[PDB]
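Visitor: Protein chains in written order, with the entry's author numbering: chain A, 1 to 99; chain B, 1 to 99. Note that beta-carbon positions come from the ideal geometry of N, C-alpha and C, so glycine has one too. First, the structure itself, so that you have it in front of you.
Number of protein chains: 2
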Amino acid sequence: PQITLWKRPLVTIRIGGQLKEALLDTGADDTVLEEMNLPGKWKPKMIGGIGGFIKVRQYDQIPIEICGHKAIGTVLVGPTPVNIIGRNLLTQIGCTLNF
Amino acid sequence: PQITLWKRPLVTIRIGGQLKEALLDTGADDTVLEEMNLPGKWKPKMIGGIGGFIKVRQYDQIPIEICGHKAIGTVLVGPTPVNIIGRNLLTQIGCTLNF
Ligand SMILES: O=C(N[C@@H](Cc1ccccc1)[C@H](O)CN(CCCc1ccccc1)S(=O)(=O)c1ccc2ncsc2c1)c1cccc(O)c1
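Structure follows, in structure tokens:
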């Protein structure tokens, strides 16, 4: 699809058995999801945004479907106010910016 | 142009007559530039991101040329970690997400 930017580019994602709304975020290197109790091993990480850093749990090779397109990769889980789909998955679903 | 996302979508902008590098950021509602001087009146504002809130200076109706495309709009200036072109100006230059 084509998504204009008059409003936040929120889409439905499917991850770890849940449907969520997530922001397609070209400014995010990584994918950062709101707190969710995913199974499996993880590694601690700190990621920085406007306002400072938050602590997240890094889960690898997690399947995630974004607006009907399958992806698989690293997802960071922590106290973000918004689910953020970053470039690591945007590239996998063939997403580009166009103007 | 069409911009893919395997690298950060950084572009050159021209603002107050100066060249800068900025990130095309669909996750950003507003445009936020690193500390700099701009002409004219500004008002204090606060904005929030992944790591909390920051204080910025709101400049209205500021011309910026983004990768060769003209915009004139609100520019926030403050301790953002990176220069960010947000949706308020991405819409002005006709930027969409496509996959
Ligand atoms: O930060 C904003 N928006 C962010 C997403 C958001 C939206 C709503 C609520 C919370 C967050 C960004 O789109 C993603 N972040 C990095 C991008 C900027 C930037 C880039 C680099 C450093 C600092 C800021 S970010 O969320 O901080 C982010 C995302 C993924 C990621 N992976 C590794 S570091 C990292 C940082 C934002 C911008 C303007 C106004 C505003 O009110 C909020």
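From this set, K20/A, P79/A, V75/A, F99/A, which residue's C-alpha is nearest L89/A's C-alpha?
Guide: Within the first sequence, numbered from 1, the residue matching residue 89/A stands at position 89. Closest option to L89/A, Cα to Cα, is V75/A.
Visitor: Can you have a look at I13/B and say buried or exposed, based on whether 16 or more other CB atoms are within 10 angstroms of its CB?
Guide: The residue labelled residue 13/B in the question sits at position 13 within the second sequence. Result: buried.
Visitor: Could you tell me which of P63/B, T96/B, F99/B, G78/B sits nearest to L19/B, measuring between CA atoms?
Guide: If you number the second sequence from 1, residue 19/B lands on position 19. The residue with the shortest Cα to Cα distance from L19/B is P63/B.
Visitor: I'd like to confirm something about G27/A: is its beta-carbon nearer than 6 angstroms to some heavy atom of ligand 1, or not?
Guide: Taking the first residue of the first sequence as 1, we reach residue 27/A at position 27. Within the cutoff, so yes.
Visitor: Does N98/B have its Cβ less than 7 angstroms from a Cβ in chain A?
Guide: Within the second sequence, the letter at position 98 stands for residue 98/B. Judged by the 7 angstroms Cβ criterion, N98/B is in contact with chain A.
Visitor: According to DSSP, is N98/A part of a helix, a strand, or is it coil?
Guide: For the purposes of this step, residue 98/A is taken as residue 98 along the first sequence, with counting starting at 1. Of the three classes helix, strand and coil, the one that applies to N98/A here is strand, per DSSP.
Visitor: Please confirm whether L24/A and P9/A have their CB atoms less than 7 angstroms apart.
Guide: Taking the first residue of the first sequence as 1, we reach residue 24/A at position 24. Taking the first residue of the first sequence as 1, we reach residue 9/A at position 9. A contact, by the Cβ cut-off of 7 angstroms.
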